[PDB]
Amino acid sequence: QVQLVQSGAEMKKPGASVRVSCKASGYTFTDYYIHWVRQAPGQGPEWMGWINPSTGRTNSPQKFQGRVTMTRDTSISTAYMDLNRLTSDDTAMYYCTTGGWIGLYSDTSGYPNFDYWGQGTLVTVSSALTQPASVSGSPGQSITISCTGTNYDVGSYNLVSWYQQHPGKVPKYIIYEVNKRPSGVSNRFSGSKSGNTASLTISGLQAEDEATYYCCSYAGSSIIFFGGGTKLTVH
């Protein structure tokens, strides 16, 4: 019963600071990376950072590099995210997810493998990878969503993961490492890759498949990219 329980919704004024909590249970806290992600209203997702619970090493991208302070408390097994200098642009839903396994012989920090998600923390203050805007299909058909990157990411790594999101719901693990399927994932989803473009394939399209689909990839110096998103419509 792996479960991540985040802090309560908050609303802050411009210029303030905010702390979001995340208490994980049902597994060993110090063996899995913790990632922080957020979602602006109407917009898509934006990767905020990763943190090693065991060592305390954290890295966030170069747009949060001054404002975000990610910490952890091992005694109580709780991750913390602190954001400073808030603006109307920081109004978003904040998720913490579980990353790759903290290994001796590897480095799974930048693995976009978010199998477990929190419930989300709504905070209100008052392009990266290219996906097509919308893709249409009729029931029974087979459709494909494309995800174009560069040579330094999806060109040189088989480290792309696909996530599904219904409106008002938490993102869902669909594909990881380009082609592989997690537990419970319908066999209708398959992953593919060519050059600087990965692709998610849905065969026997159905009404349950109506949602927005995002693609995640490695991004170079221990950083992760998110896609813009693609809306599937079922006729």
# chains A, B, ... in the order shown; residues from 1 in each chain; ligands from 1

$ residues_around --residues "residue 78 of chain A" --least-positions-apart "6" --cutoff "7 Å" --atoms "only C-alpha atoms" --output "ChimeraX atom specification"
/A:21-24,72

$ closest_atom_pairs --of "segment 23-94 of chain A" --to "segment 198-215 of chain A" --cutoff "12 Å" --atoms "only C-alpha atoms" --output "JSON lines"
{"residue": "A:39", "atom": "CA", "partner": "A:214", "partner_atom": "CA", "distance": 11.9}
{"residue": "A:42", "atom": "CA", "partner": "A:212", "partner_atom": "CA", "distance": 11.4}
{"residue": "A:43", "atom": "CA", "partner": "A:212", "partner_atom": "CA", "distance": 11.1}
{"residue": "A:44", "atom": "CA", "partner": "A:214", "partner_atom": "CA", "distance": 8.1}
{"residue": "A:45", "atom": "CA", "partner": "A:214", "partner_atom": "CA", "distance": 8.1}
{"residue": "A:46", "atom": "CA", "partner": "A:214", "partner_atom": "CA", "distance": 10.7}
{"residue": "A:47", "atom": "CA", "partner": "A:215", "partner_atom": "CA", "distance": 11.6}

$ write_last_selection --atoms "N, CA, C and O atoms" --output "mmCIF file, in the first residue's frame"
data_model
loop_
_atom_site.group_PDB
_atom_site.id
_atom_site.type_symbol
_atom_site.label_atom_id
_atom_site.label_comp_id
_atom_site.auth_asym_id
_atom_site.auth_seq_id
_atom_site.Cartn_x
_atom_site.Cartn_y
_atom_site.Cartn_z
ATOM 1 N N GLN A 39 1.559 21.511 -11.817
ATOM 2 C CA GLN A 39 0.700 21.691 -12.981
ATOM 3 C C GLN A 39 -0.119 22.980 -12.931
ATOM 4 O O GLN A 39 -0.994 23.132 -12.079
ATOM 5 N N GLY A 42 -4.953 24.736 -16.659
ATOM 6 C CA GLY A 42 -5.103 24.821 -18.097
ATOM 7 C C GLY A 42 -3.855 24.369 -18.822
ATOM 8 O O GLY A 42 -3.922 23.799 -19.902
ATOM 9 N N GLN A 43 -2.705 24.610 -18.210
ATOM 10 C CA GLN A 43 -1.428 24.292 -18.828
ATOM 11 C C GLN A 43 -1.116 22.818 -18.637
ATOM 12 O O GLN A 43 -1.983 22.030 -18.265
ATOM 13 N N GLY A 44 0.134 22.447 -18.870
ATOM 14 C CA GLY A 44 0.535 21.068 -18.705
ATOM 15 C C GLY A 44 1.428 20.994 -17.488
ATOM 16 O O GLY A 44 1.410 21.895 -16.650
ATOM 17 N N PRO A 45 2.219 19.925 -17.379
ATOM 18 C CA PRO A 45 3.077 19.698 -16.220
ATOM 19 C C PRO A 45 4.459 20.323 -16.389
ATOM 20 O O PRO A 45 4.888 20.622 -17.505
ATOM 21 N N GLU A 46 5.142 20.518 -15.268
ATOM 22 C CA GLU A 46 6.459 21.136 -15.258
ATOM 23 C C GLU A 46 7.327 20.512 -14.178
ATOM 24 O O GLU A 46 7.011 20.609 -12.994
ATOM 25 N N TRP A 47 8.416 19.868 -14.580
ATOM 26 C CA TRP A 47 9.278 19.186 -13.619
ATOM 27 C C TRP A 47 10.054 20.176 -12.761
ATOM 28 O O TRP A 47 10.768 21.033 -13.282
#

$ closest_atom_pairs --of "segment 68-179 of chain A" --to "segment 224-230 of chain A" --cutoff "10 Å" --atoms "only C-alpha atoms" --output "Markdown table"
| residue | atom | partner | partner_atom | distance |
| --- | --- | --- | --- | --- |
| A:109 | CA | A:224 | CA | 9.5 |
| A:110 | CA | A:224 | CA | 6.2 |
| A:111 | CA | A:224 | CA | 7.8 |
| A:112 | CA | A:224 | CA | 6.8 |
| A:127 | CA | A:228 | CA | 6.4 |
| A:128 | CA | A:227 | CA | 6.4 |
| A:129 | CA | A:227 | CA | 4.8 |
| A:130 | CA | A:227 | CA | 6.3 |
| A:131 | CA | A:229 | CA | 5.8 |
| A:132 | CA | A:230 | CA | 5.7 |
| A:133 | CA | A:230 | CA | 5.0 |
| A:134 | CA | A:230 | CA | 5.0 |
| A:135 | CA | A:230 | CA | 6.8 |
| A:145 | CA | A:230 | CA | 7.4 |
| A:146 | CA | A:230 | CA | 8.9 |
| A:147 | CA | A:227 | CA | 7.6 |
| A:148 | CA | A:227 | CA | 9.1 |
| A:149 | CA | A:227 | CA | 9.4 |
| A:153 | CA | A:225 | CA | 8.9 |
| A:159 | CA | A:224 | CA | 9.9 |
| A:160 | CA | A:225 | CA | 9.4 |
| A:161 | CA | A:226 | CA | 9.5 |
| A:162 | CA | A:227 | CA | 9.6 |
| A:163 | CA | A:229 | CA | 9.7 |
| A:164 | CA | A:229 | CA | 9.7 |
| A:165 | CA | A:229 | CA | 9.8 |

$ residues_around --residues "segment 12-16 of chain A" --least-positions-apart "2" --cutoff "8 Å" --atoms "only C-alpha atoms" --output "VMD selection string"
chain A and resid 10 18 84 to 88 123 to 126

$ write_last_selection --atoms "N, CA and C atoms" --output "PDB file, in the first residue's frame"
ATOM      1  N   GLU A  10      -3.019  25.606   0.121  1.00  0.00           N
ATOM      2  CA  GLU A  10      -2.672  26.894   0.699  1.00  0.00           C
ATOM      3  C   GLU A  10      -2.867  27.995  -0.339  1.00  0.00           C
ATOM      4  N   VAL A  18       6.483  29.451   0.544  1.00  0.00           N
ATOM      5  CA  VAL A  18       5.557  28.351   0.788  1.00  0.00           C
ATOM      6  C   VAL A  18       6.269  27.016   1.035  1.00  0.00           C
ATOM      7  N   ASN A  84      10.166  30.163  -2.958  1.00  0.00           N
ATOM      8  CA  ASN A  84      10.238  31.569  -2.570  1.00  0.00           C
ATOM      9  C   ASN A  84       9.898  32.519  -3.713  1.00  0.00           C
ATOM     10  N   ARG A  85       9.692  33.788  -3.370  1.00  0.00           N
ATOM     11  CA  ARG A  85       9.318  34.824  -4.332  1.00  0.00           C
ATOM     12  C   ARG A  85       8.169  34.364  -5.220  1.00  0.00           C
ATOM     13  N   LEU A  86       6.988  34.240  -4.629  1.00  0.00           N
ATOM     14  CA  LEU A  86       5.837  33.734  -5.358  1.00  0.00           C
ATOM     15  C   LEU A  86       5.208  34.823  -6.229  1.00  0.00           C
ATOM     16  N   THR A  87       4.734  34.420  -7.405  1.00  0.00           N
ATOM     17  CA  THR A  87       4.018  35.308  -8.317  1.00  0.00           C
ATOM     18  C   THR A  87       2.761  34.609  -8.797  1.00  0.00           C
ATOM     19  N   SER A  88       1.962  35.300  -9.602  1.00  0.00           N
ATOM     20  CA  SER A  88       0.740  34.709 -10.134  1.00  0.00           C
ATOM     21  C   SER A  88       1.039  33.517 -11.048  1.00  0.00           C
ATOM     22  N   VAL A 123      -1.899  25.449  -4.682  1.00  0.00           N
ATOM     23  CA  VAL A 123      -1.379  26.717  -4.178  1.00  0.00           C
ATOM     24  C   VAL A 123      -1.775  27.865  -5.106  1.00  0.00           C
ATOM     25  N   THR A 124      -2.393  28.908  -4.557  1.00  0.00           N
ATOM     26  CA  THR A 124      -2.845  30.039  -5.371  1.00  0.00           C
ATOM     27  C   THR A 124      -2.225  31.346  -4.901  1.00  0.00           C
ATOM     28  N   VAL A 125      -1.581  32.057  -5.822  1.00  0.00           N
ATOM     29  CA  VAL A 125      -0.948  33.329  -5.501  1.00  0.00           C
ATOM     30  C   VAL A 125      -1.651  34.473  -6.221  1.00  0.00           C
ATOM     31  N   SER A 126      -2.105  35.467  -5.464  1.00  0.00           N
ATOM     32  CA  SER A 126      -2.793  36.617  -6.042  1.00  0.00           C
ATOM     33  C   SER A 126      -2.824  37.799  -5.076  1.00  0.00           C
TER      34      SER A 126
END

$ select_by_dssp --residues "segment 3-67 of chain A" --states "strand (DSSP E)" --output "PyMOL selection string"
chain A and resi 3-6+10-12+18-25+32-39+45-51+58-59

$ write_last_selection --atoms "C-alpha atoms" --output "PDB file, in the first residue's frame"
ATOM      1  CA  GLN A   3       0.948   5.996  -0.443  1.00  0.00           C
ATOM      2  CA  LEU A   4       2.181   9.581  -0.442  1.00  0.00           C
ATOM      3  CA  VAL A   5       0.246  12.105   1.664  1.00  0.00           C
ATOM      4  CA  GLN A   6       0.906  15.772   0.924  1.00  0.00           C
ATOM      5  CA  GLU A  10      -2.672  26.894   0.699  1.00  0.00           C
ATOM      6  CA  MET A  11      -3.111  30.367  -0.799  1.00  0.00           C
ATOM      7  CA  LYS A  12      -0.292  32.896  -0.642  1.00  0.00           C
ATOM      8  CA  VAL A  18       5.557  28.351   0.788  1.00  0.00           C
ATOM      9  CA  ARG A  19       6.276  24.892   2.248  1.00  0.00           C
ATOM     10  CA  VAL A  20       4.666  21.727   0.998  1.00  0.00           C
ATOM     11  CA  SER A  21       4.998  18.463   2.944  1.00  0.00           C
ATOM     12  CA  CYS A  22       4.883  14.874   1.690  1.00  0.00           C
ATOM     13  CA  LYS A  23       4.738  11.872   4.007  1.00  0.00           C
ATOM     14  CA  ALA A  24       5.375   8.584   2.239  1.00  0.00           C
ATOM     15  CA  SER A  25       4.347   5.243   3.724  1.00  0.00           C
ATOM     16  CA  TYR A  32      13.651   5.707  -3.842  1.00  0.00           C
ATOM     17  CA  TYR A  33      14.233   9.173  -5.306  1.00  0.00           C
ATOM     18  CA  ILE A  34      11.570  11.775  -4.607  1.00  0.00           C
ATOM     19  CA  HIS A  35      10.576  14.059  -7.465  1.00  0.00           C
ATOM     20  CA  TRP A  36       8.639  17.311  -7.323  1.00  0.00           C
ATOM     21  CA  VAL A  37       6.358  18.283 -10.224  1.00  0.00           C
ATOM     22  CA  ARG A  38       3.612  20.922 -10.655  1.00  0.00           C
ATOM     23  CA  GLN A  39       0.700  21.691 -12.981  1.00  0.00           C
ATOM     24  CA  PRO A  45       3.077  19.698 -16.220  1.00  0.00           C
ATOM     25  CA  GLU A  46       6.459  21.136 -15.258  1.00  0.00           C
ATOM     26  CA  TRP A  47       9.278  19.186 -13.619  1.00  0.00           C
ATOM     27  CA  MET A  48      10.504  20.986 -10.503  1.00  0.00           C
ATOM     28  CA  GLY A  49      13.159  18.725  -9.040  1.00  0.00           C
ATOM     29  CA  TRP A  50      14.632  15.534  -7.641  1.00  0.00           C
ATOM     30  CA  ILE A  51      15.982  14.735  -4.188  1.00  0.00           C
ATOM     31  CA  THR A  58      18.961  17.659  -4.476  1.00  0.00           C
ATOM     32  CA  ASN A  59      18.831  19.115  -7.969  1.00  0.00           C
TER      33      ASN A  59
END

$ residues_around --residues "residue 114 of chain A" --least-positions-apart "6" --cutoff "6 Å" --atoms "only C-alpha atoms" --output "ChimeraX atom specification"
/A:97-99

$ select_by_dssp --residues "segment 7-216 of chain A" --states "helix (DSSP H, G or I)" --output "number ranges by chain"
A: 29-31, 88-90, 207-209

$ closest_residue --among "A:175, A:219, A:232, A:170" --to "residue 151 of chain A" --atoms "only C-alpha atoms"
A:219

$ residues_around --residues "residue 154 of chain A" --least-positions-apart "4" --cutoff "7 Å" --atoms "only C-alpha atoms" --output "PyMOL selection string"
chain A and resi 149-150+158+160+196-197+217

$ closest_residue --among "A:64, A:233, A:2, A:222" --to "residue 139 of chain A" --atoms "only C-alpha atoms"
A:233

$ atom_distance --atom1 "atom CA of residue 70 of chain A" --atom2 "atom CA of residue 218 of chain A"
20.0 Å

$ atom_distance --atom1 "atom CA of residue 104 of chain A" --atom2 "atom CA of residue 75 of chain A"
22.4 Å

$ atom_distance --atom1 "atom CA of residue 191 of chain A" --atom2 "atom CA of residue 178 of chain A"
5.3 Å
